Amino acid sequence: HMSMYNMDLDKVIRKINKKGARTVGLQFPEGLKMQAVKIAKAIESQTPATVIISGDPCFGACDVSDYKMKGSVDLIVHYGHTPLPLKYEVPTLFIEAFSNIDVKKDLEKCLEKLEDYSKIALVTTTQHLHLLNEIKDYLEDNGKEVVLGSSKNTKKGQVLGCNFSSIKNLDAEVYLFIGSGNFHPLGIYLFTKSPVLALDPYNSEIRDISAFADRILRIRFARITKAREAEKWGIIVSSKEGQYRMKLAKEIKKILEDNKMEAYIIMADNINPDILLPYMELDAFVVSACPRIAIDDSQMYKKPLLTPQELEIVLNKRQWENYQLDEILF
């Protein structure tokens, strides 16, 4: 009852023992790191392995610790994300850490919020993927047509903050997102221009995303207005394997120099305000790393941080009506 997520310890331990691993790395996103010692203690009690907890941030499957842990561990257990189509330097076991939730209490609330629509797309992220089939079957049992988008690199019904490909060609009347966060509903909204609803399986509240979307876009507009006065730019690259986009960074550099501005590529692992402070000549920054940084963290930075698409608006190459979130595609 106390476990908010299924950490699948039984499976993790059986696989550790069968693999014969003697040193095992653990990676957790921010919301799961509090469980690291409990899980490490269980693994060490039931296997001959020594656990190495990765204390570094872990923002997604773009951010596996295989480069840093190469030579230190035989196996990495990575929680919270499904794997990206990358080749990892160290054997890695991905545990979804599914939400411990019964959504049956909310099915009737969802049906009433959907009374005006026949054709419904269901979307969520990794830790609620296990709920989609129950919701889909309920809706279909109540006269609805339910579609789950897929892609070459995302599971049925799944989006990532940098990959909305699976919701782009669905032709639904309404998109129901499962989750408390607003960034994924924002991208579904902007790409589909269709109604987007979102169920918080904890609040049991269903919300419309249109209001949050306009609030974010007003902020993006104000940041872009400031960036139009920029003369010298930083282009931010991350060395994180799934985030690394040096080809794009060099393309952006040439574009800025073609527009008679200075531009300098800066590469870091974790991006934060403190690492940008020394470069006092730079007026604004374009992020070639995680597409969510410029949108979700912008209030932490004094100077404007922009996506490449937003840089296109600065340069009058993209119009506001075609505002678009950044994505990473493999």
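Residue numbers run from 1 along the displayed sequence.
S.K.: Which is higher in the entry, the mean Cα B factor of 234 to 242 or that of 191 to 199?
M.R.: 191 to 199 has the higher mean C-alpha B-factor.
S.K.: Quick one: say whether 77 to 85 or 132 to 140 has the higher mean Cα B-factor in the deposited entry.
M.R.: According to the PDB entry, the answer is 132 to 140.
S.K.: Would you mind checking which of 184, 109, 253, 247 has the top Cα temperature factor in the PDB entry?
M.R.: Most elevated C-alpha B-factor of the set, per the entry: 109.
S.K.: Check the PDB entry and point out which of 26, 300, 69, 295 has the largest C-alpha temperature factor.
M.R.: Highest C-alpha B-factor among the listed options: 300.
S.K.: What third of the chain does residue 212 rank in for C-alpha temperature factor, lowest, middle or highest?
M.R.: It belongs to the highest third of the chain when residues are ordered by C-alpha B-factor.
S.K.: Residue 170: which third of its chain by C-alpha temperature factor?
M.R.: Top third by C-alpha B-factor.
S.K.: Based on the entry's values, in what third of the chain does the Cα temperature factor of residue 121 lie: lowest, middle or highest?
M.R.: Middle third - that is where residue 121 ends up once the chain's C-alpha B-factors are sorted.
S.K.: Tell me, lowest, middle or highest third: where does the Cα B factor of residue 2 rank within its chain?
M.R.: Within its chain, residue 2 is a highest-third residue by C-alpha B-factor, going by the deposited values.
S.K.: Could you tell me which third, lowest, middle or highest, the C-alpha B-factor of residue 309 occupies within its chain?
M.R.: Its C-alpha B-factor, which the entry lists for residue 309, ranks in the lowest third among residues of this chain.
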